[PDB]
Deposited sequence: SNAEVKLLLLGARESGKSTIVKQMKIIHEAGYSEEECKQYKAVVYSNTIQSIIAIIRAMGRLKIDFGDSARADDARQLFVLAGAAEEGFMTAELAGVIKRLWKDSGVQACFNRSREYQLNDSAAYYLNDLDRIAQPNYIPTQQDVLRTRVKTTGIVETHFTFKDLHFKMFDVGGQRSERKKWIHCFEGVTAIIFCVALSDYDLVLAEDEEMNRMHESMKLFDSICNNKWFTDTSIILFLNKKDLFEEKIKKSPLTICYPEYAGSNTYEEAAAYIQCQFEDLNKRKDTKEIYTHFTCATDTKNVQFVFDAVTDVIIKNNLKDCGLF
């Protein structure tokens, strides 16, 4: 009758994007004017990305493919101090096309860059147009630093969902893990080759979290769902970046199917009470609405079947 769902995971793992998908799928969605509201966010995410790339060229010591880009780089920061002009667009277009910044871009594993960077930049002509209005996908691609607990309600298959986006508190934690029906833990598959910021690979940090989750006594009666997310970025990434960067003891081949399977085990093996509790793993793309719909529909079935079994119905 009532379901308390919890979204846990490392930063930029897909938690908040899943939330948007819930409103898109089990609520109204996104109106014309709601999308217009993210226009500023989109422009922001675009600018900070190209900048991050350009900044990285300073550390990594990478030259442009044309000294004429030095001027555009200059103007980028200058113009940033002022929403999308027609001049800034060209400044970014010219930079994004330069073989110089493109080389630094393909080395984004050595610094912090937005995952939606290429998405926006490769579609700049459209976004930069005056009176442009963000598509629903554009909205999903945005990155917003969500802080604090974020409650969200929706009804699906005759169930009232109370979904919490956990992304500083003290006793507020206690009043959060109280009788959680199910936990959806998000993992960014593509974060396996991200450099050592700290002394533990991003992926290893995620395993750390998941370990404490499914093994904790708090969730002995909680359905544990594992969302191996960003499979789309991972599929392309694995072709050029060895999984051994994350797990050096990995003897498998650098294919999507095999490498993904390996990562699934590394997480599922963190389950100590394997005899008592099962982990429901899904390979997802949080920005893919059709996929999230399918995956969440599957999750709901699991939750229903477990609501019955308990109070003796199944």
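Student: If you line up the deposited sequence with the model, which stretches have no C-alpha coordinates?
Tutor: 1-2, 85-88, 174-176, 207-208 are the stretches of the deposited chain that have no C-alpha coordinates in the structure.
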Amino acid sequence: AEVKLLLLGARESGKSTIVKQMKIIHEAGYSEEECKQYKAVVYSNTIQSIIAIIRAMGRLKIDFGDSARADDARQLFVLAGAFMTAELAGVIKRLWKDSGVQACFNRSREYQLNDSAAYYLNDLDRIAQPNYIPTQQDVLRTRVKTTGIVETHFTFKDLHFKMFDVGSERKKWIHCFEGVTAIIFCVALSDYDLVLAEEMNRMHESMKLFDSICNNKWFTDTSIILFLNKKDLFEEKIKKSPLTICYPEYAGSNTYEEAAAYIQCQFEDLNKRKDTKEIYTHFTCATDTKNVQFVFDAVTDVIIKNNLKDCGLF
From here on, numbers count along this sequence of modelled residues.
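Student: Determine, for stretches 169-177 and 225-233, which one has the higher mean CA B-factor as deposited.
Tutor: Taking the mean C-alpha B-factor of 169-177 and of 225-233, the larger value falls to 169-177.
Student: Taking the mean of the C-alpha B-factors per stretch from the entry, tell me the winner out of 29-37 and 265-273.
Tutor: Higher of the two, by average CA B-factor, is 29-37.
Student: Which is it among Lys97, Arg74, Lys157, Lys217: the one with the largest CA B-factor in the entry?
Tutor: Each of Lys97, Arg74, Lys157, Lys217 was compared by C-alpha B-factor; the highest is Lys217.
Student: Please pick out which of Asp123, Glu199, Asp138, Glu205 has the largest Cα B-factor as recorded in the entry.
Tutor: Most elevated C-alpha B-factor of the set, per the entry: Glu199.
Student: What third of its chain's C-alpha B-factors does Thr146 belong to: lowest, middle or highest?
Tutor: Tercile = highest for this residue's CA B-factor.
Student: Pull the Cα B-factor of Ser49 out of the PDB entry and bin it into the chain's lowest, middle or highest third.
Tutor: Its C-alpha B-factor, which the entry lists for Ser49, ranks in the middle third among residues of this chain.
Student: Split into thirds by Cα B-factor across the chain's modelled residues, where does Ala68 land: lowest, middle or highest?
Tutor: Highest third, going by the recorded CA B-factors of the chain.
Student: Based on the deposited C-alpha B factors for this chain, I'd like to know if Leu7 is in the lowest, middle or highest third.
Tutor: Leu7: CA B-factor falls in the lowest third of its chain.
Student: Which third of the chain does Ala89 land in by C-alpha B-factor: lowest, middle or highest?
Tutor: Middle third.
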